[PDB]
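K.L.:
I'm passing along target-v6.txt; it holds compact mmCIF, C-alpha atoms and all ligand atoms.
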# COMPACT_ATOMS: atom_id res chain seq x y z
CA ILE A 1 111.39 138.98 96.88
CA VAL A 2 114.02 140.78 98.95
CA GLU A 3 113.67 144.51 99.76
CA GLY A 4 110.42 144.85 97.83
CA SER A 5 106.95 145.84 99.00
CA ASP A 6 103.38 144.50 99.20
CA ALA A 7 101.65 144.38 95.82
CA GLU A 8 98.50 146.41 95.30
CA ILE A 9 95.30 144.47 94.65
CA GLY A 10 95.13 143.52 90.98
CA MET A 11 98.62 144.93 90.36
CA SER A 12 99.86 141.78 88.67
CA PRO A 13 96.79 139.87 87.45
CA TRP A 14 98.95 137.59 85.31
CA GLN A 15 100.80 136.29 88.38
CA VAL A 16 100.44 132.54 88.82
CA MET A 17 101.40 130.36 91.77
CA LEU A 18 102.75 126.88 91.01
CA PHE A 19 101.51 124.80 93.93
CA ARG A 20 102.67 121.35 94.98
CA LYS A 21 99.77 119.04 95.85
CA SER A 22 101.57 116.91 98.41
CA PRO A 23 103.03 118.24 100.54
CA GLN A 24 101.01 121.44 100.05
CA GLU A 25 103.63 124.11 99.37
CA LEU A 26 104.73 126.93 97.07
CA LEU A 27 106.87 125.63 94.22
CA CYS A 28 107.40 128.61 91.98
CA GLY A 29 105.88 131.62 90.33
CA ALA A 30 104.56 131.60 86.76
CA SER A 31 102.55 133.89 84.48
CA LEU A 32 99.30 133.77 82.57
CA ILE A 33 99.75 134.41 78.83
CA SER A 34 96.32 133.26 77.55
CA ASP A 35 93.24 131.61 78.99
CA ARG A 36 94.88 128.18 78.65
CA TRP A 37 98.67 128.75 78.73
CA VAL A 38 101.01 129.47 81.64
CA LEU A 39 104.70 130.38 81.33
CA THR A 40 107.31 129.44 83.92
CA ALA A 41 110.97 128.50 84.41
CA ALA A 42 111.97 124.99 83.29
CA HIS A 43 113.92 124.47 86.51
CA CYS A 44 110.67 124.78 88.46
CA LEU A 45 109.66 121.50 86.83
CA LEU A 46 112.93 119.79 86.04
CA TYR A 47 116.19 120.10 87.94
CA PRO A 48 118.02 116.78 88.41
CA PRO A 49 120.75 118.15 90.74
CA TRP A 50 117.97 118.66 93.31
CA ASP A 51 116.04 115.49 92.42
CA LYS A 52 113.26 117.62 90.93
CA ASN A 53 111.20 116.14 88.10
CA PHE A 54 107.53 116.95 88.42
CA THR A 55 104.77 115.47 86.29
CA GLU A 56 101.46 117.18 85.47
CA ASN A 57 99.49 115.46 88.23
CA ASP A 58 101.96 116.61 90.90
CA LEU A 59 100.98 120.25 90.54
CA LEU A 60 98.24 122.84 90.58
CA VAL A 61 98.17 126.34 89.17
CA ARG A 62 96.59 129.04 91.36
CA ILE A 63 95.63 132.23 89.56
CA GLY A 64 94.36 135.59 90.82
CA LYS A 65 96.10 135.31 94.18
CA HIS A 66 97.32 137.99 96.57
CA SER A 67 97.72 136.25 99.91
CA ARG A 68 100.48 133.63 99.90
CA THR A 69 98.90 131.02 102.18
CA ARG A 70 95.16 131.79 102.28
CA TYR A 71 92.60 130.08 100.09
CA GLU A 72 91.17 133.21 98.49
CA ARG A 73 87.58 132.12 98.09
CA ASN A 74 85.67 133.81 95.21
CA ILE A 75 88.89 135.40 93.96
CA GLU A 76 91.54 132.90 93.06
CA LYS A 77 90.99 130.13 90.53
CA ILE A 78 92.72 126.77 90.70
CA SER A 79 93.53 124.93 87.46
CA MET A 80 94.85 121.44 86.72
CA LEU A 81 97.65 120.83 84.20
CA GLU A 82 97.00 119.08 80.91
CA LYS A 83 100.60 119.05 79.73
CA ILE A 84 104.04 120.41 80.54
CA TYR A 85 106.41 121.47 77.74
CA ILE A 86 110.05 122.09 78.59
CA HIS A 87 112.41 123.74 76.10
CA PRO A 88 114.23 120.90 74.31
CA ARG A 89 117.59 122.65 74.75
CA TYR A 90 117.06 123.64 78.39
CA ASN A 91 120.52 123.31 79.96
CA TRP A 92 120.03 122.08 83.52
CA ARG A 93 123.50 120.53 83.49
CA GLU A 94 125.51 123.75 83.36
CA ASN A 95 124.04 127.24 83.56
CA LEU A 96 120.25 127.03 83.11
CA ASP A 97 120.47 128.24 79.51
CA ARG A 98 116.93 128.46 78.04
CA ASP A 99 115.24 128.18 81.44
CA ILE A 100 111.69 128.19 80.10
CA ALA A 101 108.64 125.94 80.12
CA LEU A 102 104.99 126.13 79.14
CA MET A 103 102.02 124.56 80.89
CA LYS A 104 98.68 123.99 79.15
CA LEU A 105 95.66 124.09 81.46
CA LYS A 106 92.97 121.41 81.32
CA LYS A 107 90.25 124.09 81.07
CA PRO A 108 90.34 127.79 80.23
CA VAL A 109 90.47 130.13 83.21
CA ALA A 110 87.86 132.88 83.42
CA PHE A 111 89.33 136.38 83.38
CA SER A 112 88.35 138.80 86.15
CA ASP A 113 89.55 141.92 87.96
CA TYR A 114 92.27 139.69 89.44
CA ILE A 115 93.03 137.42 86.48
CA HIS A 116 94.33 138.72 83.16
CA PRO A 117 97.08 137.75 80.72
CA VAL A 118 100.33 139.62 80.20
CA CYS A 119 101.64 140.35 76.68
CA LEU A 120 104.69 138.68 75.19
CA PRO A 121 107.12 141.07 73.48
CA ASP A 122 107.62 141.27 69.75
CA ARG A 123 111.05 142.12 68.31
CA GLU A 124 110.58 145.90 68.31
CA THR A 125 109.26 146.17 71.85
CA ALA A 126 112.15 143.98 73.05
CA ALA A 127 114.72 146.09 71.19
CA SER A 128 113.24 149.32 72.53
CA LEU A 129 112.90 148.30 76.15
CA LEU A 130 115.69 145.80 76.90
CA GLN A 131 118.29 148.45 77.58
CA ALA A 132 120.67 148.94 80.48
CA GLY A 133 119.13 151.27 83.04
CA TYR A 134 115.56 150.62 81.93
CA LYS A 135 113.57 149.23 84.86
CA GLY A 136 111.30 146.22 84.96
CA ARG A 137 109.15 144.76 87.70
CA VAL A 138 109.48 141.39 89.45
CA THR A 139 106.75 139.81 91.57
CA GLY A 140 106.53 136.73 93.75
CA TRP A 141 105.79 134.95 97.02
CA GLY A 142 109.40 133.84 97.50
CA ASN A 143 111.60 134.41 100.53
CA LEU A 144 112.06 137.93 101.93
CA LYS A 145 115.70 137.23 102.80
CA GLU A 146 118.44 134.93 101.52
CA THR A 147 118.64 133.28 104.95
CA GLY A 155 111.02 134.84 106.39
CA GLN A 156 108.05 134.42 104.06
CA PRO A 157 105.58 137.13 102.94
CA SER A 158 101.90 137.37 103.87
CA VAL A 159 101.06 138.70 100.40
CA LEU A 160 102.52 139.01 96.90
CA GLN A 161 105.71 141.10 96.82
CA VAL A 162 106.86 143.52 94.14
CA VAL A 163 110.15 145.21 93.28
CA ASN A 164 111.30 147.40 90.39
CA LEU A 165 114.86 146.76 89.17
CA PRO A 166 117.07 148.22 86.43
CA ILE A 167 118.43 146.08 83.61
CA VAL A 168 122.23 145.87 83.86
CA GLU A 169 124.89 146.25 81.14
CA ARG A 170 125.90 142.81 79.86
CA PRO A 171 129.63 143.23 80.67
CA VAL A 172 128.69 144.07 84.26
CA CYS A 173 126.47 140.98 84.44
CA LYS A 174 129.31 138.85 83.07
CA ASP A 175 131.89 140.30 85.46
CA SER A 176 129.65 139.65 88.49
CA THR A 177 129.78 135.86 88.24
CA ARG A 178 131.87 132.83 87.23
CA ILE A 179 128.80 131.23 85.62
CA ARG A 180 128.69 131.27 81.81
CA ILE A 181 126.10 133.82 80.69
CA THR A 182 124.31 133.42 77.33
CA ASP A 183 122.25 135.57 74.98
CA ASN A 184 119.19 133.78 76.40
CA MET A 185 119.74 135.56 79.73
CA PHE A 186 119.81 139.09 81.04
CA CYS A 187 120.51 140.40 84.50
CA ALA A 188 118.95 143.14 86.60
CA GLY A 189 119.41 144.82 89.95
CA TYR A 190 121.11 147.79 91.54
CA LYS A 191 124.87 148.23 91.81
CA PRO A 192 126.49 148.66 95.25
CA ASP A 193 127.14 152.34 94.51
CA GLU A 194 123.49 152.97 93.59
CA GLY A 195 122.30 152.57 97.18
CA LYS A 196 118.86 151.11 96.40
CA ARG A 197 118.34 147.36 96.76
CA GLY A 198 116.16 144.44 95.80
CA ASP A 199 116.18 141.03 94.14
CA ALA A 200 114.15 137.93 93.49
CA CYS A 201 114.91 134.95 95.76
CA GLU A 202 114.05 131.28 96.38
CA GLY A 203 110.40 130.67 95.53
CA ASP A 204 110.19 133.57 93.05
CA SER A 205 111.57 131.42 90.23
CA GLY A 206 109.36 131.13 87.19
CA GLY A 207 107.70 134.46 87.95
CA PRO A 208 107.65 137.35 85.51
CA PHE A 209 109.94 140.32 84.94
CA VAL A 210 107.60 142.80 83.25
CA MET A 211 107.89 146.22 81.67
CA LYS A 212 105.21 148.73 80.76
CA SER A 213 105.60 149.92 77.20
CA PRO A 214 105.54 153.73 77.03
CA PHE A 215 104.40 153.39 73.42
CA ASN A 216 101.12 151.54 73.93
CA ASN A 217 100.85 151.44 77.75
CA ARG A 218 100.66 147.64 77.89
CA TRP A 219 102.60 145.33 80.17
CA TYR A 220 105.02 142.94 78.49
CA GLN A 221 106.85 140.02 80.06
CA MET A 222 110.52 140.39 79.14
CA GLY A 223 112.00 137.95 81.60
CA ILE A 224 111.48 134.89 83.79
CA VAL A 225 113.08 134.66 87.25
CA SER A 226 115.82 132.07 86.69
CA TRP A 227 118.91 132.24 88.91
CA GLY A 228 121.16 134.26 91.18
CA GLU A 229 124.03 133.81 93.61
CA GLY A 230 122.32 134.20 96.96
CA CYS A 231 119.68 136.95 97.11
CA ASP A 232 120.21 140.73 97.14
CA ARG A 233 123.97 140.38 97.64
CA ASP A 234 126.08 143.45 96.90
CA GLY A 235 127.77 143.03 93.53
CA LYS A 236 125.51 140.15 92.49
CA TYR A 237 122.55 140.43 90.11
CA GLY A 238 119.38 138.49 89.40
CA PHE A 239 119.37 136.55 86.13
CA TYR A 240 116.32 136.23 83.96
CA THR A 241 115.34 134.10 81.02
CA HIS A 242 115.20 136.29 77.89
CA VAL A 243 111.59 135.71 76.80
CA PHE A 244 111.82 137.32 73.39
CA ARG A 245 114.90 135.27 72.43
CA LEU A 246 112.85 132.13 73.03
CA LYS A 247 109.52 133.35 71.60
CA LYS A 248 109.83 131.27 68.42
CA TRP A 249 109.84 128.16 70.62
CA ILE A 250 106.87 129.49 72.59
CA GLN A 251 104.88 130.14 69.42
CA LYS A 252 105.85 126.75 67.97
CA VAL A 253 104.47 124.95 71.03
CA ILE A 254 101.25 126.95 71.19
CA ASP A 255 100.71 126.60 67.42
CA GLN A 256 101.24 122.83 67.55
CA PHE A 257 99.46 121.93 70.79
CA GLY A 258 97.09 124.82 71.47
CA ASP B 2 101.36 126.65 106.65
CA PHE B 3 98.91 126.80 103.73
CA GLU B 4 95.14 126.87 104.16
CA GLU B 5 93.50 123.72 102.83
CA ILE B 6 92.05 124.09 99.35
CA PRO B 7 88.64 122.68 98.33
CA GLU B 8 88.70 118.90 97.84
CA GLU B 9 87.41 119.24 94.28
CA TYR B 10 90.85 120.42 93.12
CA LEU B 11 92.73 117.40 94.44
CA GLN B 12 90.65 114.65 92.81
CA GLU C 1 95.27 138.17 73.12
CA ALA C 2 94.19 141.59 71.85
CA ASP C 3 93.53 142.72 75.42
CA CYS C 4 96.80 141.47 76.90
CA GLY C 5 98.72 143.51 79.43
CA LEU C 6 95.89 145.91 80.31
CA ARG C 7 94.90 145.51 83.97
CA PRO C 8 91.22 145.69 84.93
CA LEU C 9 91.91 147.67 88.10
CA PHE C 10 94.48 150.03 86.57
CA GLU C 11 94.85 150.63 82.79
CA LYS C 12 91.22 149.70 82.14
CA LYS C 13 89.99 152.43 84.47
CA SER C 14 92.91 154.83 83.84
CA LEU C 15 94.31 154.42 87.35
CA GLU C 16 98.04 154.14 87.95
CA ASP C 17 99.69 151.94 90.53
CA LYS C 18 102.02 153.49 93.08
CA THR C 19 105.36 152.79 91.37
CA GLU C 20 104.79 152.41 87.63
CA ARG C 21 105.97 156.00 87.17
CA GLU C 22 109.41 154.78 88.38
CA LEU C 23 109.49 152.48 85.38
CA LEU C 24 108.40 155.22 82.93
CA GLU C 25 111.06 157.60 84.23
CA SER C 26 113.75 155.01 83.49
CA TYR C 27 112.69 154.68 79.86
CA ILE C 28 114.85 157.48 78.53
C1 LIG D 301 117.70 126.20 89.82
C2 LIG D 301 119.06 126.30 90.43
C3 LIG D 301 119.48 127.74 90.72
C4 LIG D 301 118.48 128.46 91.63
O1 LIG D 301 118.48 128.26 92.85
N1 LIG D 301 117.64 129.31 91.03
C5 LIG D 301 116.58 130.01 91.74
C6 LIG D 301 116.90 131.47 92.00
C7 LIG D 301 116.24 132.48 91.32
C8 LIG D 301 116.57 133.81 91.51
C9 LIG D 301 117.58 134.16 92.40
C10 LIG D 301 117.98 135.57 92.61
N2 LIG D 301 117.53 136.48 91.75
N3 LIG D 301 118.72 136.00 93.57
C11 LIG D 301 118.23 133.15 93.10
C12 LIG D 301 117.89 131.82 92.89
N4 LIG D 301 120.83 127.82 91.29
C13 LIG D 301 121.45 126.58 91.75
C14 LIG D 301 121.42 129.04 91.35
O2 LIG D 301 120.82 130.05 91.05
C15 LIG D 301 122.84 129.15 91.88
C16 LIG D 301 123.81 129.39 90.72
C17 LIG D 301 123.61 128.48 89.53
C18 LIG D 301 123.09 128.97 88.34
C19 LIG D 301 122.91 128.14 87.25
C20 LIG D 301 123.26 126.81 87.32
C21 LIG D 301 123.80 126.31 88.49
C22 LIG D 301 123.97 127.14 89.58
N5 LIG D 301 123.09 130.12 92.93
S1 LIG D 301 122.62 129.81 94.45
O3 LIG D 301 123.17 130.85 95.26
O4 LIG D 301 122.97 128.45 94.72
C23 LIG D 301 120.84 129.90 94.51
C24 LIG D 301 120.32 130.12 95.90
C25 LIG D 301 120.01 131.40 96.34
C26 LIG D 301 119.54 131.61 97.63
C27 LIG D 301 119.38 130.55 98.49
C28 LIG D 301 119.68 129.27 98.06
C29 LIG D 301 120.15 129.06 96.78
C1 LIG D 302 112.26 113.13 84.18
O1 LIG D 302 111.07 112.38 84.24
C2 LIG D 302 110.72 111.64 82.99
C3 LIG D 302 109.62 110.77 83.31
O2 LIG D 302 109.32 110.63 84.66
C4 LIG D 302 111.88 110.84 82.49
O3 LIG D 302 111.54 110.17 81.28
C5 LIG D 302 113.05 111.66 82.32
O4 LIG D 302 114.13 110.86 81.84
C6 LIG D 302 113.43 112.34 83.58
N1 LIG D 302 114.65 113.15 83.42
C7 LIG D 302 114.91 114.29 82.49
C8 LIG D 302 113.92 114.83 81.52
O5 LIG D 302 116.02 114.81 82.53
NA NA D 303 132.74 136.41 84.81
NA NA D 304 122.82 142.78 94.22
Now, as a test, write the supplied structure out as structure tokens.
Ligand SMILES: CC[C@@H](C(=O)NCc1ccc(C(=N)N)cc1)N(C)C(=O)[C@@H](Cc1ccccc1)NS(=O)(=O)Cc1ccccc1
Ligand SMILES: *[C@@H]1O[C@H](CO)[C@@H](O)[C@H](O)[C@H]1NC(C)=O
Ligand code: NA
Ligand code: NA
P.N.:
Amino acid sequence: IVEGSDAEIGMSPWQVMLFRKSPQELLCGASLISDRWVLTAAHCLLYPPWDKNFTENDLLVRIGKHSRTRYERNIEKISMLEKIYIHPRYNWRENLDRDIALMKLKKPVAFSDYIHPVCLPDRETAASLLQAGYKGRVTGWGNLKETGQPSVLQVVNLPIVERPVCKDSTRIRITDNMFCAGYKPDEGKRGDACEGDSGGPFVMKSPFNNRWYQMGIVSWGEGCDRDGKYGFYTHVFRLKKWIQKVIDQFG
Amino acid sequence: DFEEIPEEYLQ
Amino acid sequence: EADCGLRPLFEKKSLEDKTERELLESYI
């Protein structure tokens, strides 16, 4: 996260760290959506241009974390993966269309002060909140600058951007399964996700029922926090039918 | 750069 | 889950975090 700040304790109890077993390193962010299901970006698991194709046994999920590198004894919980599910129409060849994947845990994780699932949006909440100017929140342990690394989880609030502005900011083909967020050059304020934040959640707090909903997944961006560029996020509601299909079939 | 995690999670 | 999106250390004890008001103010 670039130009964000340290998270408060328990601020984002759905935040998950995707952790590579060997070598031990941060792979991606992710989010807890039930006691056995974790949501992330497909490109965290599968991205052939970078020779990335992880299997279940390659990875661990670390939940309840604050510190990036510490083993947070008596606080974090570490889960093994039973199965990865990548969207069948995930487009890694072109523009990361449908950049979404689910991971089923081998055992349920116990909820605590530090570990708690985020809601997924239904149609009405999505329609109400996914509006240009409305701000969401992005969290992660990714890089602090495009070109070091944070001691603890970082947070930044960013406004959703009008779709024509998103489109005009890039040569990449944008789809309805994406939205973009961030400040404009004229707006002064800054901030963006970056490398290592991928798969993490873009959340919004509904003013109707005061619950946090995950509207987006950190997906892609040209550099990090560049003037005139924006962060792009997987549109979670647009892909919720796939999410529900997988959980209904395999959960 | 990361603290070692308990062996039980690597088995 | 029925309890989703309510944080133990914030919503559950009616405490706000330091910047959630920024979000609310944007929801016009
Ligand atoms: C998975 C590939 C992806 C990527 O690196 N995504 C991670 C990412 C997430 C968020 C942000 C951001 N919000 N600024 C940037 C990158 N990627 C190549 C990019 O984003 C590409 C554009 C692209 C999009 C879709 C298909 C192909 C190319 N831009 S890029 O500038 O190459 C990504 C990057 C950023 C900083 C440092 C190193 C690399
Ligand atoms: C990724 O890995 C699996 C098995 O290791 C393989 O079958 C598949 O063809 C690879 N490439 C993909 C899904 O693009
Ligand atoms: Na364009
Ligand atoms: Na920018």
K.L.:
Write out as a PyMOL selection string the residues lying within 10 Å of region 210-222 of chain A, counting only C-alpha atoms and excluding same-chain residues fewer than 6 positions away.
P.N.:
(chain A and resi 12+14+31+33+39+117-122+125-126+128-130+134-139+164+186+240-245) or (chain C and resi 3-7+11+20-21+23-25+27)
K.L.:
For the selection just defined, write its residues with C-alpha atoms to a file, as a CSV table (one decimal), in the coordinates of the input.
P.N.:
chain,number,residue,atom,x,y,z
A,12,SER,CA,99.9,141.8,88.7
A,14,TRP,CA,99.0,137.6,85.3
A,31,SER,CA,102.6,133.9,84.5
A,33,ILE,CA,99.8,134.4,78.8
A,39,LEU,CA,104.7,130.4,81.3
A,117,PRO,CA,97.1,137.8,80.7
A,118,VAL,CA,100.3,139.6,80.2
A,119,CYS,CA,101.6,140.4,76.7
A,120,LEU,CA,104.7,138.7,75.2
A,121,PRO,CA,107.1,141.1,73.5
A,122,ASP,CA,107.6,141.3,69.8
A,125,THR,CA,109.3,146.2,71.8
A,126,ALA,CA,112.2,144.0,73.0
A,128,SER,CA,113.2,149.3,72.5
A,129,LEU,CA,112.9,148.3,76.2
A,130,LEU,CA,115.7,145.8,76.9
A,134,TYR,CA,115.6,150.6,81.9
A,135,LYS,CA,113.6,149.2,84.9
A,136,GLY,CA,111.3,146.2,85.0
A,137,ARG,CA,109.2,144.8,87.7
A,138,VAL,CA,109.5,141.4,89.4
A,139,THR,CA,106.8,139.8,91.6
A,164,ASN,CA,111.3,147.4,90.4
A,186,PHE,CA,119.8,139.1,81.0
A,240,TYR,CA,116.3,136.2,84.0
A,241,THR,CA,115.3,134.1,81.0
A,242,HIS,CA,115.2,136.3,77.9
A,243,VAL,CA,111.6,135.7,76.8
A,244,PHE,CA,111.8,137.3,73.4
A,245,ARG,CA,114.9,135.3,72.4
C,3,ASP,CA,93.5,142.7,75.4
C,4,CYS,CA,96.8,141.5,76.9
C,5,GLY,CA,98.7,143.5,79.4
C,6,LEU,CA,95.9,145.9,80.3
C,7,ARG,CA,94.9,145.5,84.0
C,11,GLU,CA,94.8,150.6,82.8
C,20,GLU,CA,104.8,152.4,87.6
C,21,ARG,CA,106.0,156.0,87.2
C,23,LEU,CA,109.5,152.5,85.4
C,24,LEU,CA,108.4,155.2,82.9
C,25,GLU,CA,111.1,157.6,84.2
C,27,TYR,CA,112.7,154.7,79.9
K.L.:
Taking all atoms listed in the file and a cut-off of 7 Å, can you tell me which residues surround ligand NA 303 (chain D), written as an MDAnalysis selection string?
P.N.:
chainID A and resid 174:179
K.L.:
Counting only C-alpha atoms, which residues from chain A have an atom at most 7 Å from any atom of chain B, and could you show them as a PDB file with C-alpha atoms, in the frame of the given file?
P.N.:
ATOM      1  CA  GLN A  24     101.010 121.440 100.050  1.00  0.00           C
ATOM      2  CA  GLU A  25     103.630 124.110  99.370  1.00  0.00           C
ATOM      3  CA  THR A  69      98.900 131.020 102.180  1.00  0.00           C
ATOM      4  CA  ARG A  70      95.160 131.790 102.280  1.00  0.00           C
ATOM      5  CA  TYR A  71      92.600 130.080 100.090  1.00  0.00           C
TER       6      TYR A  71
END
K.L.:
What gap, in Å, lies between atom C18 of ligand LIG 301 (chain D) and CA of residue 83 (chain A)?
P.N.:
26.0 Å
K.L.:
Please write out the residues within 7 Å of ligand LIG 301 (chain D) as a PyMOL selection string, counting only C-alpha atoms and all ligand atoms.
P.N.:
chain A and resi 43+47+92+94-96+146+179+199-202+204-205+225-232+237-239
K.L.:
Within 7 Å of ligand LIG 302 (chain D), counting only C-alpha atoms and all ligand atoms, which protein or nucleic acid residues do you find, written as number ranges by chain?
P.N.:
A: 46, 48, 53, 55
K.L.:
Distance CA of residue 113 (chain A)-CA of residue 61 (chain A), one decimal place?
P.N.:
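One can read the CA of residue 113 (chain A) to CA of residue 61 (chain A) distance as 17.8 Å.
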K.L.:
Give me the residues near residue 8 (chain C) as JSON, numbers by chain, where near means some atom within 8 Å (using all atoms listed in the file) and where sequence neighbours in that chain fewer than 6 positions away do not count.
P.N.:
{"A": [10, 112, 113, 114, 116]}
K.L.:
Counting only C-alpha atoms and all ligand atoms, what residues are within 6 Å of ligand NA 304 (chain D), given as a list in words?
P.N.:
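Checking only C-alpha atoms and all ligand atoms against ligand NA 304 (chain D) at 6 Å gives residues 189, 190, 232, 233, 234, 235, 236 and 237 of chain A.
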K.L.:
What separation in Å, quoted to one decimal, exists between CA of residue 26 (chain A) and CA of residue 188 (chain A)?
P.N.:
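Rounded to one decimal, the two atoms are 24.0 Å apart.
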K.L.:
Pick out the closest residue to residue 19 (chain C) from this set: A:195, A:13, A:4, A:64. Count all atoms listed in the file.
P.N.:
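The closest residue to residue 19 (chain C) is A:4.
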K.L.:
For residue 18 (chain C), list every protein, DNA or RNA residue within 12 Å, evaluated using only C-alpha atoms, and leave out those in the same chain fewer than 2 positions away; present the list as a PDB file with C-alpha atoms, in the frame of the given file.
P.N.:
ATOM      1  CA  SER A   5     106.950 145.840  99.000  1.00  0.00           C
ATOM      2  CA  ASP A   6     103.380 144.500  99.200  1.00  0.00           C
ATOM      3  CA  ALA A   7     101.650 144.380  95.820  1.00  0.00           C
ATOM      4  CA  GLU A   8      98.500 146.410  95.300  1.00  0.00           C
ATOM      5  CA  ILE A   9      95.300 144.470  94.650  1.00  0.00           C
ATOM      6  CA  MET A  11      98.620 144.930  90.360  1.00  0.00           C
ATOM      7  CA  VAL A 162     106.860 143.520  94.140  1.00  0.00           C
ATOM      8  CA  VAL A 163     110.150 145.210  93.280  1.00  0.00           C
ATOM      9  CA  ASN A 164     111.300 147.400  90.390  1.00  0.00           C
TER      10      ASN A 164
ATOM     11  CA  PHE C  10      94.480 150.030  86.570  1.00  0.00           C
ATOM     12  CA  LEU C  15      94.310 154.420  87.350  1.00  0.00           C
ATOM     13  CA  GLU C  16      98.040 154.140  87.950  1.00  0.00           C
ATOM     14  CA  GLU C  20     104.790 152.410  87.630  1.00  0.00           C
ATOM     15  CA  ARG C  21     105.970 156.000  87.170  1.00  0.00           C
ATOM     16  CA  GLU C  22     109.410 154.780  88.380  1.00  0.00           C
ATOM     17  CA  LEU C  23     109.490 152.480  85.380  1.00  0.00           C
TER      18      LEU C  23
END
K.L.:
Identify which of the residues A:29, A:18, A:131, A:38 lies closest to residue 28 (chain C), counting all atoms listed in the file when measuring atom-to-atom distances.
P.N.:
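Closest candidate: A:131.
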K.L.:
Since the input is missing atoms for region 160-172 of chain A, could you rebuild it with N, CA, C and O atoms and give the result as a PDB file, in the coordinates of the input?
P.N.:
ATOM      1  N   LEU A 160     101.665 138.835  98.064  1.00  0.00           N
ATOM      2  CA  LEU A 160     102.520 139.010  96.900  1.00  0.00           C
ATOM      3  C   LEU A 160     103.442 140.220  97.054  1.00  0.00           C
ATOM      4  O   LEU A 160     102.996 141.297  97.457  1.00  0.00           O
ATOM      5  N   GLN A 161     104.719 140.034  96.725  1.00  0.00           N
ATOM      6  CA  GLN A 161     105.710 141.100  96.820  1.00  0.00           C
ATOM      7  C   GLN A 161     106.082 141.625  95.440  1.00  0.00           C
ATOM      8  O   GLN A 161     106.033 140.894  94.458  1.00  0.00           O
ATOM      9  N   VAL A 162     106.493 142.887  95.397  1.00  0.00           N
ATOM     10  CA  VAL A 162     106.860 143.520  94.140  1.00  0.00           C
ATOM     11  C   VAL A 162     108.142 144.337  94.313  1.00  0.00           C
ATOM     12  O   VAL A 162     108.389 144.916  95.372  1.00  0.00           O
ATOM     13  N   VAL A 163     108.981 144.340  93.280  1.00  0.00           N
ATOM     14  CA  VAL A 163     110.150 145.210  93.280  1.00  0.00           C
ATOM     15  C   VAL A 163     110.492 145.610  91.846  1.00  0.00           C
ATOM     16  O   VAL A 163     110.361 144.809  90.918  1.00  0.00           O
ATOM     17  N   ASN A 164     110.862 146.881  91.675  1.00  0.00           N
ATOM     18  CA  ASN A 164     111.300 147.400  90.390  1.00  0.00           C
ATOM     19  C   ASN A 164     112.822 147.405  90.356  1.00  0.00           C
ATOM     20  O   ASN A 164     113.457 147.863  91.318  1.00  0.00           O
ATOM     21  N   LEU A 165     113.405 146.912  89.263  1.00  0.00           N
ATOM     22  CA  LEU A 165     114.860 146.760  89.170  1.00  0.00           C
ATOM     23  C   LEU A 165     115.365 147.140  87.794  1.00  0.00           C
ATOM     24  O   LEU A 165     114.731 146.795  86.792  1.00  0.00           O
ATOM     25  N   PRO A 166     116.511 147.841  87.732  1.00  0.00           N
ATOM     26  CA  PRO A 166     117.070 148.220  86.430  1.00  0.00           C
ATOM     27  C   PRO A 166     117.808 147.073  85.742  1.00  0.00           C
ATOM     28  O   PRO A 166     118.522 146.305  86.392  1.00  0.00           O
ATOM     29  N   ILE A 167     117.640 146.978  84.429  1.00  0.00           N
ATOM     30  CA  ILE A 167     118.430 146.080  83.610  1.00  0.00           C
ATOM     31  C   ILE A 167     119.898 146.531  83.652  1.00  0.00           C
ATOM     32  O   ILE A 167     120.190 147.726  83.665  1.00  0.00           O
ATOM     33  N   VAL A 168     120.814 145.571  83.697  1.00  0.00           N
ATOM     34  CA  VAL A 168     122.230 145.870  83.860  1.00  0.00           C
ATOM     35  C   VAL A 168     123.000 145.593  82.560  1.00  0.00           C
ATOM     36  O   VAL A 168     122.664 144.667  81.812  1.00  0.00           O
ATOM     37  N   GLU A 169     123.996 146.433  82.278  1.00  0.00           N
ATOM     38  CA  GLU A 169     124.890 146.250  81.140  1.00  0.00           C
ATOM     39  C   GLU A 169     125.461 144.829  81.118  1.00  0.00           C
ATOM     40  O   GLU A 169     125.887 144.300  82.160  1.00  0.00           O
ATOM     41  N   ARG A 170     125.483 144.211  79.942  1.00  0.00           N
ATOM     42  CA  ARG A 170     125.900 142.810  79.860  1.00  0.00           C
ATOM     43  C   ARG A 170     127.336 142.554  80.359  1.00  0.00           C
ATOM     44  O   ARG A 170     127.569 141.526  80.998  1.00  0.00           O
ATOM     45  N   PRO A 171     128.294 143.470  80.096  1.00  0.00           N
ATOM     46  CA  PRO A 171     129.630 143.230  80.670  1.00  0.00           C
ATOM     47  C   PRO A 171     129.629 143.218  82.196  1.00  0.00           C
ATOM     48  O   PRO A 171     130.379 142.445  82.797  1.00  0.00           O
ATOM     49  N   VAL A 172     128.794 144.049  82.810  1.00  0.00           N
ATOM     50  CA  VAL A 172     128.690 144.070  84.260  1.00  0.00           C
ATOM     51  C   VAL A 172     128.082 142.766  84.771  1.00  0.00           C
ATOM     52  O   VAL A 172     128.576 142.188  85.737  1.00  0.00           O
TER      53      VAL A 172
END
